[PDB]
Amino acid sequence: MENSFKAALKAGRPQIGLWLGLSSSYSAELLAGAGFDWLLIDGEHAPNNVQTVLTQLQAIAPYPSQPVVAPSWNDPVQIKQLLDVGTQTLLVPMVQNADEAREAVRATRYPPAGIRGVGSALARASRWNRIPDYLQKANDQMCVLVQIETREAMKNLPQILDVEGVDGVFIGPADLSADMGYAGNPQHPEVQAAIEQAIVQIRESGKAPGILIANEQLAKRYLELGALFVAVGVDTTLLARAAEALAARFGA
């Protein structure tokens, strides 16, 4: 049950990812064979739930690409449910301060380190108790990534980076650009300045920076600045744009 994504990040190995919003275990398997280091199953902005996360985890399982899951909110209940179907790496939206970051971490750990609910007998996570000593091994293989997505989050970043158990800090540019007054224009220089400053600040604390960006040149820039988990595209967009451009080339 070693979490290989977590190990790679701790080792400073950059991981290239794809964001999955098609909410299908079928297209998930198709994309699991595409060569990405990680895949993000989006429970916040795509029509996923615990049940569809489960089937996408099952589809992805035999492939080299590692799954990461975003809950719809920093909710300990939903987090519990996602961990039990086998989620080991979690990308938590809208973490605004160190207290919220701490609660995200505590939501993933069994007592006394946290408040994760115990139900190993019926969890896929323990393979229904086939994994020996699962309850003693689980906490150390959880990888908690928190999203900073507002000015308020930026103010609290130094404190957030001091929270033990926060393995990575992810910058959400859509939300950040909107909160900064540039909605839909994360490429704006003021937003970019905040993003670059944050990436360096995160890496400088010895934690892993991450980000999603559709511009491949920006993605390379962030990697140069020390980003360690970079999502470089989104499935819905890849499909829609490729389809539209094809139709257009035939005058449809």
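Counting begins at 1, following the sequence as shown.
Name the higher of the two by mean Cα B-factor in the PDB entry, 126-134 versus 104-112.
Per the PDB record, 126-134.
Higher mean Cα B-factor in the deposited model: 157-165 or 68-76?
Comparing averages over the C-alpha atoms only gives 157-165.
Looking at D42, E29, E224, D37, which has the highest CA B-factor as recorded?
Highest CA B-factor of the listed options: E224.
Compare the CA B factors listed in the entry for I211, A59, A214, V53 and report the winner.
Of the options given, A214 has the highest CA B-factor in the PDB entry.
Classify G181 as lowest, middle or highest third according to the C-alpha B-factor given in the PDB entry, relative to its own chain.
Top third by C-alpha B-factor.
Where does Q141 sit by CA temperature factor within its chain: lowest, middle or highest third?
Middle third.
Going by what the PDB entry lists, where does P14 fall on CA B-factor within its chain: lowest, middle or highest third?
Top third by C-alpha B-factor.
Which third, lowest, middle or highest, does the C-alpha temperature factor of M1 belong to within its own chain?
Its C-alpha B-factor belongs to the highest third of this chain's values.
Classify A193 as lowest, middle or highest third according to the C-alpha B-factor given in the PDB entry, relative to its own chain.
Within its chain, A193 is a highest-third residue by C-alpha B-factor, going by the deposited values.
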